[PDB]
């Protein structure tokens, strides 16, 4: 299932910075209001809830920068081609968050409910309304879709 990763508070979406069909390794993942095929994602299940968040256009997946199992707060989120257990996430569609294997979450850097375009995303352990994400149809940005298959 293909989906958009929608920041719940702002309605902006996760994008590779620059919007490329083939972002280089270590391109930062930002929030941006645009919708297009280079911000579509899929989720590749590895072990029950845990899997890879895949950028559809490039096949690269989401990593904490440097590939930590326990990335510190403020570690940047990036795309990278590699596959390993430090790039595992769970797409929590009940609590509306994205949790890294180490137990922290994807946040907008700074924690704004309304981050401007091109705000970087980071790992942070805090839970609040401004780190919530929902997973929606590329044809209807208000319709949640099931990311697990």
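Numbering follows the first chain given and starts at 1.
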{"property": "Mean C-alpha B-factor comparison - 113 to 121 and 63 to 71, higher one", "result": "113 to 121"}
{"property": "Residue 131 by Cα B-factor - lowest, middle or highest third of the modelled chain", "result": "middle"}
{"property": "Record-listed C-alpha B factor of residue 85: chain third", "result": "middle"}
{"property": "Third of chain Cα B-factors occupied by residue 95", "result": "middle"}
